[PDB]
Amino acid sequence: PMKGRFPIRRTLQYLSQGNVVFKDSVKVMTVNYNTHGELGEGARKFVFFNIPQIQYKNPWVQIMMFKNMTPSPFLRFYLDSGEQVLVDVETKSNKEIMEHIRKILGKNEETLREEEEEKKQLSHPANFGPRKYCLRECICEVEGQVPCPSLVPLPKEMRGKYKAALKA
Amino acid sequence: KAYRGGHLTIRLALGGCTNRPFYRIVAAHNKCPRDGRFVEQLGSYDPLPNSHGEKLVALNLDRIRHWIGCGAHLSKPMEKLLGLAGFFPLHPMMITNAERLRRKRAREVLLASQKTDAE
Amino acid sequence: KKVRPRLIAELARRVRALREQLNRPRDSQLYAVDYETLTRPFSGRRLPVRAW
Amino acid sequence: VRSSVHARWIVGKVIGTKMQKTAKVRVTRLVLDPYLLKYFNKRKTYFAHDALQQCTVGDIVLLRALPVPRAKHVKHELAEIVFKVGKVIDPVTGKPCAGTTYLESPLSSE
Amino acid sequence: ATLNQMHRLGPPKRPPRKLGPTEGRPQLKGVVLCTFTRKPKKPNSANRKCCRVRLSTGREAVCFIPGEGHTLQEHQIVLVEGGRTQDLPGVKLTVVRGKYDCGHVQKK
Amino acid sequence: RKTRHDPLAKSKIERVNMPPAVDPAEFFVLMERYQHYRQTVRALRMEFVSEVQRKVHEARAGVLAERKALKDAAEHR
Amino acid sequence: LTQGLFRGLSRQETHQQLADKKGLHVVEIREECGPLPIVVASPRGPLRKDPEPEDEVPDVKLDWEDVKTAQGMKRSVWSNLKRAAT
RNA sequence: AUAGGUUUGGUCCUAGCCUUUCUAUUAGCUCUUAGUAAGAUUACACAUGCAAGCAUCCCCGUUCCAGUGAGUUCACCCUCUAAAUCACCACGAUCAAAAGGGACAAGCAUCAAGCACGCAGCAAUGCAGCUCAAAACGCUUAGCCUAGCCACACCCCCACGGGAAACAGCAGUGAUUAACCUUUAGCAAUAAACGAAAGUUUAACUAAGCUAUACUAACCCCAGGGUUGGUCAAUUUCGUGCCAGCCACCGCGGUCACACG
RNA sequence: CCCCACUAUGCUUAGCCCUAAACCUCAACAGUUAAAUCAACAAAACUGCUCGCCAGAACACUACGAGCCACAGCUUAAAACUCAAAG
Ligand code: FES
Ligand SMILES: [K+]
Ligand SMILES: [K+]
Ligand SMILES: [K+]
Ligand SMILES: [K+]
Ligand SMILES: [Mg+2]
Ligand SMILES: [Mg+2]
Ligand SMILES: [Mg+2]
Ligand SMILES: [Mg+2]
Ligand SMILES: [Mg+2]
Ligand SMILES: [Mg+2]
Ligand SMILES: [Mg+2]
Ligand SMILES: [Mg+2]
Ligand SMILES: [Mg+2]
Ligand SMILES: [Mg+2]
Ligand SMILES: [Mg+2]
Ligand SMILES: [Mg+2]
Ligand SMILES: [Mg+2]
Ligand SMILES: [Mg+2]
Ligand SMILES: [Mg+2]
Ligand SMILES: [Mg+2]
């Protein structure tokens, strides 16, 4: 089997389930949690399950964790303008934390669909080229048009071998 | 790549196999190869008539108007495709080449007539 | 990532530019013409037939 | 406002302070292992400009990219000391703390 | 192992594939030097026609002539190929029949 | 193709390309057609150039764009 | 191989035993039939009124061979070969 | 991998090797037609011919296309900002070099230390640091992440200078290698250069020639190659007698050879 | 191999050498006895976490290189040829 406890965390299907896509302002995210204490239980589960999901969606965001530096856990974000966003996460579950930072610093569903829609316009169906970029390579793949000579030989009147011979 | 000088141009990039040509309209640098790297593909042109006897020509007018406004030039064959469509005026030589054909065919009607008349 | 300097490429560049300014040809040499063969002796190039 | 430096804001830890008005900071980022699909810390060293030389080895600091590198390796500057070594102040309560214990009870100031 | 140990090491490094007597080439051209016979190892017993040739690379190895009878002499040209001679130990090359001086085995 | 350093062929040494003959009528009529065609196209090009300048300025400095940048900053506070 | 094949094929839990075990409906979801829920088995005894507690993350041991295939990483020139009817 | 053969007197386990599949090159035997695609082994040396001209003189162009893979983390993103295009002033856009930041191949740690690789300061000048087992420095190998890109352009990284007299442009030749395309035609199409333009030029390209290397299709006449102990589809009769010979693995052959001919 | 005799050595002191079947051939911390207990033998079968180590046999407790009060030494440690087994 797959090593480690909860091996599903190390899967692309689980890393892409994160719904926290930070904005352009967020630059650094610092997590301070305590290894023990009933109050900090959620913060530990948030570092064990969701940090992988957050860093996968925000690869250009620095995430640094510190253990047992304060009596209580908390999150702190550092924006590009110089503003700091403190977030007390004591006495909260990992879902409440994941849902709370999505409302104050995460993008909404309206801002995401737009970005995706732009990409669809990058691949024009009318264009012809390699299969990697375009759907069709040549226009002989379109019924009605003249087929490729490799498959269907052209008439002797349409080949430059005989056009020259017929003329001379 | 960086070319000394040069400019963008909207030309035709030949494609297809032997005796089966297929041009694809593209905006590419002036010095780049004919079928090499391009900035954007702005249409396609199938010279050979289809079953219906018609030549197909695709044009991304919204993008052709963008590159012409960014400093792009046009090739003579491509300026004759935009004149046949009504996007540009009929190229001067598309008109003069038609007049030359008229006089040429009228010059052949004389010899044909004389032969049938004289002989 | 530290590119190794090419000093001879800069030395010759300066020398060439200098010589192009000290040995530059004059308008008497460049734009001369032999009125029998109609060629510029500097380059040995014929003029267009419409200028003869 | 726009600068020629890639990393604008980064958090690190002072590892050395043996250069004049300069602090050597170690920055860690999580990097995904493509095969194991697990994140590991990839660290990197950054040179920060400290005018007052108030940094101490072992403290967390915040760096701000400079408009242009003042030196060959110095591209950032000390914005603020997040956690001072041994004298951290709880941001939630504003009270001193030594680890997971309060040095000054938060109830003193209600 | 552990995930941390598997990350430090990295993807398995496949040992560099070793080259054979032909040095990763289908065939090779060589000149004949000698024509002797060698006895195979147990459980077999025979006299197998072999020849020492100098390849174009510069080496000088031993080769096995397949077929019944041959007319190979010194200084002749032959084309060799791969293929272990199972009975003969240390013989990794085989002569190609009907190429250059080497002539196709006469019928019967 | 050749370079500046490559020499010339010996078959093109004594070569003279004579210009084509001119039809006075067609030459003049065709010389005006290019004059108009190129003037009609110079105007079209200027039109399209003004549309590319507009959109860019509109995008970074527009009414709608600046009406949304303030909404996103107000919602942040 | 044979002694183990018969061993696992005899210790497999059917849909009826599962329902009776947990007192819940066993619903079948098929892509060809859309979102239609198909009841394949129901408990004979008292149907439970409380649902199963939804689990955020399941602690089930996975197989790298299956996960490596679902991610387009198991390259093999011997898998998915055209063979005769069986 | 749906796996299979092979350790032993025999069994189980472990393990390596090999077989079965799909491509490419060369060799042997053999080979009917048509269309299409592709097409030196060698950065070794090259006979001949051609490959850049245009144009009322100036300028522009020959810095492109084409070619090769010697060398090799200059190829990507951001910032800033020249040249160039948008007739022109300006505008901003487009495109994009230099500079600054970041990212970026493989193998060897029996390459473990590198030896000036740092910082401050207007300057003078001062401090003594910088990189590295989370792999510095170093050796070796390799064109790459392919709508294409990078690098090279006889050699000395460069090219004033020197050696010295150059096909890694097309066709072609010598040497070399297991490796082998014609010393065709035309600028009619497209592209590029020049011209105000009609137009001119182009071994780019287009249309042909050669080659079972591959794909497609077909043919009244026209089929060979390998294999036949097991894995693995398929042998009758003679000859040979551990000799001659065969095998991808296990092995056959000692006068009854389904394994050699 | 058996008997007798005797020496280095076994002991003390001051230094060096740094090896072993240095093997209880069974790593450290925490935890479990239920499920499929479990190839065989041996000292029943497993979980979590971490470090170290091994990837066919032989060549090889070898060669070269480097380091070490070690100079017939120790540590680190390959390759070519060979086999279809070894275990
Ligand atoms: S591919 Fe379209 S003609 Fe051959
Ligand atoms: K035998
Ligand atoms: K000119
Ligand atoms: K190369
Ligand atoms: K023991
Ligand atoms: Mg090129
Ligand atoms: Mg640059
Ligand atoms: Mg060594
Ligand atoms: Mg190379
Ligand atoms: Mg051809
Ligand atoms: Mg017999
Ligand atoms: Mg036989
Ligand atoms: Mg004694
Ligand atoms: Mg003793
Ligand atoms: Mg002991
Ligand atoms: Mg041990
Ligand atoms: Mg230990
Ligand atoms: Mg071994
Ligand atoms: Mg020893
Ligand atoms: Mg030794
Ligand atoms: Mg030694």
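As recorded in the PDB header, cryo-EM is the method behind this entry, and the stated resolution is 2.59 Å.

As annotated in the PDB entry, chain G is 28S ribosomal protein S5, mitochondrial from Homo sapiens. This entry's official PDB title is "Human mitochondrial ribosome in complex with mRNA, A/A tRNA and P/P tRNA".

Identification of chain A as 28S ribosomal protein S25, mitochondrial from Homo sapiens is taken from the PDB entry. Looking at the Subcellular location heading of the UniProt record, one finds this comment for chain A: "Mitochondrion". The heading Sequence similarities in the UniProt record of chain A holds the text "Belongs to the mitochondrion-specific ribosomal protein mS25 family."

### What to know about the overall build of chain A
Secondary structure assignment for chain A yields six helices and four strands. Secondary structure elements in chain A, listed N-terminal to C-terminal, are α-β-α-α-β-β-β-α-α-α. Taken over the C-alpha trace, chain A has a radius of gyration of 29 Å; the compact-globule value for 168 residues is 15 Å, which it surpasses by more than 25%. Taken along the three principal axes of its C-alpha coordinates, chain A extends 100 × 45 × 20 Å. Taking all 168 residues of chain A together, the buried fraction comes to 40%. In chain A, the share of contacts with a sequence separation of at least 24, taken over all contacts with a separation of at least 6, comes to 61%. Approximately 10100 Å² of chain A is accessible, and the part contributed by carbon and sulfur atoms is 53%.

### Examining the overall build of chain G
Of regular secondary structure, chain G possesses three helices and two strands. Taken from the N to the C terminus, the helices and strands of chain G come in the order α-α-β-β-α. For a compact globule of 86 residues, the expected C-alpha radius of gyration is about 12 Å, and chain G comes in at 19 Å, more than 25% above that figure. For chain G, the spread of C-alpha atoms along the principal axes amounts to about 50 × 35 × 30 Å. Scored against the burial criterion, the 86 residues of chain G give a buried share of 10%. Across chain G, the fraction of contacts at a sequence separation of at least 24, relative to all contacts at a separation of at least 6, is 32%.

### Here we look at the protein's contact with RNA strand H
Contacts to RNA strand H come from 145 residues, most closely from A:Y133, A:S150, B:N30, D:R70 and E:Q86. Within 4 Å of the protein, the contacting atoms of RNA strand H are 64% sugar and phosphate, with bases supplying the remainder. B:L12 is positioned such that a nitrogen or oxygen atom in its backbone is 3.1 Å from a sugar or linking oxygen of RNA strand H. Between B:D35 and RNA strand H, the recorded distance is 2.9 Å, taken from a backbone N or O atom to a phosphate oxygen. When its residues are assigned to classes, the surface near RNA strand H shows 54 nonpolar, 38 polar and 53 charged.

### Looking at the packing of aromatic side chains
Overall, the coordinates contain 10 aromatic pairs over all chains when judged by the stated rule. Ring geometry for A:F22 versus A:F77: centroids 5.6 Å apart, planes at 75°, classification edge-to-face. Taken together, the positions of A:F22 in the loop between α1 (12-15) and β1 (26-33) and A:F77 in strand β3 (residues 74-79) put the pair 55 residues apart, joining distant regions of the chain. Classification of A:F22 as buried rests on a relative accessible area of 3%. Since its relative accessible area comes to 0%, A:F77 is described here as buried. Judged by centre distance (6.1 Å) and plane angle (65°), the ring pair of A:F66 and D:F83 falls under edge-to-face. Residue A:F66 is found in strand β2 (residues 62-67), and its partner D:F83 is found in strand β5 (residues 74-83); the two belong to separate chains.

### Some thoughts on the side chain of A:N32
Here A:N32 shows up in strand β1. Owing to a relative accessible area of 3%, A:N32 belongs among the buried residues under this scheme. Apart from residues lying up to four places away in sequence, A:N32 is in contact with A:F66, A:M69, A:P73, A:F74 and D:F83.

### What about the interface of chain D and chain A?
Contacts between the two partners involve 28 residues from chain D, matched on the other side by 32 residues from chain A. Buried surface at the junction of chain D and chain A, summed over both partners, amounts to about 2500 Å²; 68% is from carbon and sulfur atoms. Its salt-bridge partner being A:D80, residue D:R8 comes within 3.4 Å of it at the nearest N-O pair. Summed over the shared surface of chain D and chain A, the number is six residue pairs in polar contact.

### Observations regarding the packing of helix α3 (residues 92-118) of chain B against helix α1 (residues 24-60) of chain F
For any two helices packed against each other, the geometry is given by the interaxial angle and the distance between the axes. Closest axis-to-axis distance for the α3(B)/α1(F) pair is 9 Å, and the angle between their directions is 150°. Considered as vectors, α3(B) and α1(F) are oriented roughly antiparallel to each other. Our pair here, α3(B) against α1(F), has a crossing hand that is right-handed. Taken together, the residues of α1(F) that come into contact with α3(B) (itself represented by B:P92, B:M93, B:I95, B:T96, B:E99, B:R100 and B:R103) are F:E26, F:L30, F:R33, F:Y34 and F:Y37. Partitioned by chemical class, the residues of the contact of α3(B) with α1(F) number six nonpolar, one polar and five charged.

### Digging into the arrangement of the chains
In this assembly, nine pairs of chains are in contact, and the pair with the greatest number of contacts comprises chains A and D. When C-alpha atoms are compared, chain C and chain D, though not in contact, are closest at a spacing of 13 Å.

### Brief notes about the pairing of strand β2 (residues 22-32) of chain D
Within a regular strand, side chains alternate between the sheet's two faces. All names here are of chain D. In this sheet, β2 lies alongside strand β1 (residues 9-19) in antiparallel orientation, the contact comprising four bridges. Residue pairing in the sheet places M19 in a bridge with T22 of β2. The hairpin formed by β1 and β2 contains two residues between the paired strands, and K21 there has a positive phi angle of roughly 50°. For β2 and strand β3 (residues 39-49), the ladder comprises 11 bridges, and the chain directions are antiparallel. Residue pairing in the sheet places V25 in a bridge with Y46 of β3.

### Details of the packing of helix α2 (residues 41-49) of chain A against helix α4 (residues 94-104) of chain A
Residue and element names in this part refer to chain A. Where α2 meets α4, the axes come as close as 8 Å, and the angle between the chain directions of the two elements is 70°. With respect to each other, α2 and α4 are oriented roughly perpendicular. The segment α2 lies against α4, with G42, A43, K45, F46 and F49 engaging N94, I97, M98 and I101. Looking at the contact of α2 with α4 residue by residue, the classes come out as six nonpolar, two polar and one charged.

About the thresholds
- Residues numbered from 1 in each chain as written, not as in the entry; some residues may be left out.
- Chains lettered and ligands numbered in written order.
- Part of a larger assembly, values for the part shown.
- Heavy atoms only, no water.
- UniProt positions renumbered as here; feature names shortened; annotations may be inferred.
- Helix = DSSP H or I, 4+ residues; strand = E, 2+ residues; numbered from the N terminus.
- Rg over C-alpha atoms; globule rule 2.2 N^0.38 Å.
- Buried < 20%, exposed > 50% of the residue type's maximum accessible area, 1.4 Å probe, protein only.
- Contact = heavy atoms within 4.5 Å.
- Areas by Shrake-Rupley, 256 points an atom, 1.4 Å probe, with all protein chains shown as cover.
- Near = heavy atom within 4 Å.
- Polar contact = N/O pair within 3.5 Å; in protein donor to acceptor, adjacent residues only side chain to side chain.
- Nonpolar A, V, L, I, M, F, W, Y, C, P; charged D, E, K, R; others polar.
- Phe/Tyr/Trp six-rings, centres within 6.5 Å; stacked < 30°, edge-to-face > 60°.
- Buried area = accessible area lost by both parts, 1.4 Å probe.
- Salt bridge = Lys/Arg side-chain N within 4 Å of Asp/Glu carboxyl O.
- Axes fitted to C-alpha atoms, helices over the stretch in contact; angles between N-to-C directions.
- Parallel < 35°, antiparallel > 145°, perpendicular 65-115°, else oblique.
- Left-handed = near helix turned anticlockwise from the far one by under 90°.
- Pairing = 2+ DSSP bridges.

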